[PDB]
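Data block below; observations after.
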Amino acid sequence: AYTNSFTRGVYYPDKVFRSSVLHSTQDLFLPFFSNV
Amino acid sequence: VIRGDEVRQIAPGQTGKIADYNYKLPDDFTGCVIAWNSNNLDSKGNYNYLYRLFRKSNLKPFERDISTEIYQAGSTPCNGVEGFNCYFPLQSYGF
Amino acid sequence: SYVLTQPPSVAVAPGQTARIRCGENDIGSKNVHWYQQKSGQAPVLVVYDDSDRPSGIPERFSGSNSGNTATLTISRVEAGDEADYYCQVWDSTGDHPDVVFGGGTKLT
Amino acid sequence: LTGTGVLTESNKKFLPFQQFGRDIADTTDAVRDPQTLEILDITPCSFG
Amino acid sequence: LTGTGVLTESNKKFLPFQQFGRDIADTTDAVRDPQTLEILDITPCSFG
Amino acid sequence: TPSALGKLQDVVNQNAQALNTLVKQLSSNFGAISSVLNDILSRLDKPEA
Amino acid sequence: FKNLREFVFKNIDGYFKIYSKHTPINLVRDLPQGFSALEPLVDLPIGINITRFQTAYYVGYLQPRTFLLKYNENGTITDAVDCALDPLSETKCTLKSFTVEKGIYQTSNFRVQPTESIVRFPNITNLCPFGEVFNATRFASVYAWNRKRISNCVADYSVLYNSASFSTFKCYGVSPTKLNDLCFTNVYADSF
Numbered sequence: 027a028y029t030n031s032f033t034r035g036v037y038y039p040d041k042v043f044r045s046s047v048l049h050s051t052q053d054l055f056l057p058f059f060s061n062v
Numbered sequence: 401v402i403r404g405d406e407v408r409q410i411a412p413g414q415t416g417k418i419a420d421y422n423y424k425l426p427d428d429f430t431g432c433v434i435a436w437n438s439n440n441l442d443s444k447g448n449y450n451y452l453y454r455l456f457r458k459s460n461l462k463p464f465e466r467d468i469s470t471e472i473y474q475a476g477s478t479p480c481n482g483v484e485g486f487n488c489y490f491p492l493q494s495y496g497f
Numbered sequence: 001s002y003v004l005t006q007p008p009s010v011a012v013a014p015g016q017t018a019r020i021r022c023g024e025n026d027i028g029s030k031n032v033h034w035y036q037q038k039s040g041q042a043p044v045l046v047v048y049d050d051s052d053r054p055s056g057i058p059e060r061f062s063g064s065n066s067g068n069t070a071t072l073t074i075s076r077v078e079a080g081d082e083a084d085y086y087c088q089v090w091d092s093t094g095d096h097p098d099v100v101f102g103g104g105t106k107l108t
Numbered sequence: 546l547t548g549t550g551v552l553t554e555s556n557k558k559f560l561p562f563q564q565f566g567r568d569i570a571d572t573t574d575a576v577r578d579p580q581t582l583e584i585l586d587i588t589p590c591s592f593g
Numbered sequence: 546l547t548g549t550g551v552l553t554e555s556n557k558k559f560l561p562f563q564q565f566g567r568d569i570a571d572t573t574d575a576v577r578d579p580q581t582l583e584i585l586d587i588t589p590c591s592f593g
Numbered sequence: 941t942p943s944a945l946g947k948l949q950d951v952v953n954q955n956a957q958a959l960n961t962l963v964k965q966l967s968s969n970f971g972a973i974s975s976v977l978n979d980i981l982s983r984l985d986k987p988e989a
Numbered sequence: 186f187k188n189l190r191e192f193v194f195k196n197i198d199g200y201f202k203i204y205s206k207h208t209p210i211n212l213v214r215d216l217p218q219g220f221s222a223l224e225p226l227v228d229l230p231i232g233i234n235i236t237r238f239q240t264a265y266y267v268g269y270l271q272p273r274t275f276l277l278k279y280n281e282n283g284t285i286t287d288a289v290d291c292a293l294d295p296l297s298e299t300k301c302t303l304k305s306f307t308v309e310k311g312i313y314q315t316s317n318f319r320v321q322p323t324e325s326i327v328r329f330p331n332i333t334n335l336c337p338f339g340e341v342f343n344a345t346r347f348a349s350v351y352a353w354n355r356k357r358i359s360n361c362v363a364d365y366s367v368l369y370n371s372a373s374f375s376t377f378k379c380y381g382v383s384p385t386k387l388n389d390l391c392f393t394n395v396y397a398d399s400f
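Residue numbers (the entry's author numbering), protein chains in the order written: chain A, 27 to 62; chain B, 401 to 444, 447 to 497; chain C, 1 to 108; chain D, 546 to 593; chain E, 546 to 593; chain F, 941 to 989; chain G, 186 to 240, 264 to 400.
Given below as structure tokens:
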């Protein structure tokens, strides 16, 4: 059983209120355009 | 609860007996360790207090498990009161 | 007071192994050397260190130093090995520096 | 923290989870409190 | 010594005191096995 | 003679002299104990190490 | 089926994190187009070693990646870019903006990942003579110092440092961290 998944588990990179910025945070995240 | 010669694993900080196997701190630990010479409080010979001898790998911080986890060099798991190439985990110490 | 003690004689069959030792108290904290003297000529060194050998002498001769012993091992014994062997532990000897020699082993 | 600047209320998007924080250039950018429920970014004291 | 690389048998003839090597960037570029007396060189893996 | 091409021979020798010089600043200690980084990267606990 | 529930638990240094969000779903077996932005509430201790868990529900497998975001003025995630998915998004991650102009853009370089660790130890079991050299009765005077060469040790250097008898242990050209994992050629011991 394979299911194609788009953008699951994306989370804010810190606890900081983030607005109007381009934040380049290298961080442990789930990949995109994969199969689950 | 530690001895007097083994203050030096938590000051300044390295791996050891007391460090890896008894009370572990992180490798990038930045918080405050709590320690004071308190000879009149443990002493009353106090043989009730216990320690851990040795383990297969260096443990991760804040681990406590009351389990029968034997050190051994072989892959075959030993059980009983005495085991072949097996050292007992939980042993008492005196003050 | 440190004096080297060596056994008098040992006899082996040809083609077999030989165990010759020079061992005392705390000899593992010091260096051991070994020499070969044939009857009537100049001595030749055959073991340079605790285990290292010089040139000329092959891998037939080997040894190790651990604890209270330092044992020379001779493998595939031939006719040419019948000579005199001495251990040469250097010591400070109460701040009078001495080159102490052993009593000598005769291998037949 | 120490902030030398003009203080004015804000109406930012907030959570109890997102109680504290700083700017991308690390000025003060997220304050919440039970006394005054508005958020605070310290605009400086017209410095130049 | 910790490092990433693939080693082949070196064609160099080394005297027995020469165990390691120091190159122009002072890194280890030659090495000898402790069991067998063979000689091998050190380069890292493939790049791109 | 190399005197005509010695301008770009000086350019290529200045560049390659800077490159193998930059390898000699790979070799150098700059006050450290080694040109490697493996002296602390080992299993002791490091709050200060 | 109507409800989709998920939590994220991350276990570093003995901690046990909890992230919370609930999401309605209208699909039976497939996954929708939208996202799930969780938010943490509480972090717990455990004290035990956990390698397995046993229980409408979903499981995740975590690998490290690089990500570049974009935020509006209100403070909401508009889009996200996975910098190791395809080299277009790696170019987007390198240029710091989500629009890419026309040309060649020198992003990054690569090298081969190792497969396993290979250790060529000397295959002999022996305790190293630092137990015998340090525990010697006779030492010499300082002008006539004793010298020992030590050749074969497979045993560790852990007894060097890590004892209260060794009061002064300044190491100048090497760290005491490097003592446990090293390999060297020669050992000389000088005693006075």
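Cβ coordinates follow ideal geometry from the N, Cα and C atoms, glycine included.
Quiz item: What residues in its chain sit with their C-beta under 7 Å from that of residue 566 of chain E, if we drop five residues either side in the sequence?
Solution: 573, 574, 575
Quiz item: Should residue 353 of chain G be labelled buried (16 or more other beta-carbon atoms within 10 Å of its own) or exposed?
Solution: exposed
Exercise. Please classify residue 981 of chain F: does DSSP put it in a helix, a strand, or coil?
Key: coil
Exercise. State the DSSP-derived secondary structure class of residue 46 of chain A, mapped to helix, strand or coil.
Key: coil
Practice problem: Run down chain G in chain order and give the residues with a C-beta less than 8 Å from the C-beta of residue 560 of chain D. | Solution: 224
Practice problem: Output the boundary residues of the beta strand (DSSP E) element that contains residue 338 of chain G. | Solution: Premise fails: residue 338 of chain G lies in the alpha helix (DSSP H), 338-341, not in any beta strand (DSSP E).
Practice problem: Could you name the residues of chain G that residue 97 of chain C contacts, counting a contact when the two beta carbons are closer than 7 Å? | Solution: 352
Quiz item: Is there a Cβ from chain G that is less than 8 Å from the Cβ of residue 102 of chain C?
Solution: no
Exercise. Mind listing the chain G neighbours of residue 984 of chain F? Cutoff is C-beta to C-beta under 8 Å, in chain order.
Key: 384, 385, 388
Practice problem: Spell out whether any CB of chain F is found under 8 Å from the CB atom of residue 578 of chain E. | Solution: no
Practice problem: Please report how far the alpha carbon of residue 200 of chain G lies from the alpha carbon of residue 430 of chain B, in whole angstroms. | Solution: 16 Å
Quiz item: residue 966 of chain F CB to nearest chain E CB: under 8 Å?
Solution: yes
Quiz item: In three-state terms, what does DSSP make of residue 394 of chain G?
Solution: coil
Quiz item: Which stretch, first to last residue, makes up the beta strand (DSSP E) that contains residue 424 of chain B?
Solution: That residue, residue 424 of chain B, is in no beta strand (DSSP E); it is neither H nor E in DSSP.
Self-check item: For residue 63 of chain C, the first and last residue of its enclosing beta strand (DSSP E)
Solution: 61-66
Quiz item: For a contact meaning CB atoms closer than 7 Å, what does residue 28 of chain C contact in chain J?
Solution: Of the protein chains in this structure, namely A, B, C, D, E, F and G, none is chain J.
Quiz item: Shorter than 8 Å from the beta carbon of residue 84 of chain C to some beta carbon of chain G?
Solution: no
Self-check item: Buried or exposed by the 16-neighbour rule on C-beta atoms within 10 Å, applied to residue 943 of chain F
Solution: exposed
Exercise. Measure from the C-beta of residue 514 of chain D to each C-beta in chain A and report whether the shortest distance is under 8 Å.
Key: The question about residue 514 of chain D has no answer here: the residues shown for chain D are numbered 546 through 593.
Quiz prompt | Whole-angstrom C-beta distance between residue 581 of chain D and residue 550 of chain D, which should lie under 8 Å | solution = Going by Cβ atoms, the distance from residue 550 of chain D to residue 581 of chain D rounds to 17 Å, so no, they are not a contact pair.
Quiz prompt | Alpha-carbon spacing of residue 496 of chain B relative to residue 489 of chain B, whole angstroms | solution = 20 Å
Quiz prompt | Reduced DSSP secondary structure (H/G/I, E/B, other) of residue 297 of chain G | solution = helix
Self-check item: Near-chain G residues of the segment 22-55 of chain C - C-beta to any C-beta below 8 Å
Solution: 26, 28, 29, 30, 31, 49, 50, 51, 52
Quiz item: My guess is that residue 28 of chain C and residue 65 of chain C are in contact by the Cβ rule of under 8 Å, so how many angstroms apart are they, rounded?
Solution: 6 Å
Quiz item: By DSSP, does residue 99 of chain C sit in helix, in strand, or in coil?
Solution: strand
Quiz prompt | Between the CA atoms of residue 314 of chain G and residue 221 of chain G - distance to the nearest angstrom | solution = 33 Å
Exercise. Give the straight-line distance between the Cα atoms of residue 145 of chain C and residue 557 of chain E, rounded to the nearest whole angstrom.
Key: Because chain C is modelled from 1 through 108, residue 145 of chain C falls outside the range shown and cannot be assessed.
Quiz item: For residue 105 of chain C, which of C:38, C:4, C:9, C:3 has the nearest alpha-carbon?
Solution: C:9
Practice problem: Please report how far the alpha carbon of residue 259 of chain G lies from the alpha carbon of residue 977 of chain F, in whole angstroms. | Solution: Residue 259 of chain G falls within a stretch that is absent from the model, since chain G runs 240 to 264 with no residues between.
Quiz item: Among G:191, G:363, G:302, G:337, which one has its Cα closest to the Cα of residue 240 of chain G?
Solution: G:191
Practice problem: Could you confirm whether any beta carbon from chain F is found closer than 8 Å to the beta carbon of residue 429 of chain B? | Solution: yes
Quiz item: What number of angstroms, rounded off, separates the C-alpha of residue 440 of chain B from the C-alpha of residue 410 of chain B?
Solution: 22 Å
Self-check item: Residues near residue 35 of chain A by beta carbon distance below 6 Å, same chain, minus five either side
Solution: 56
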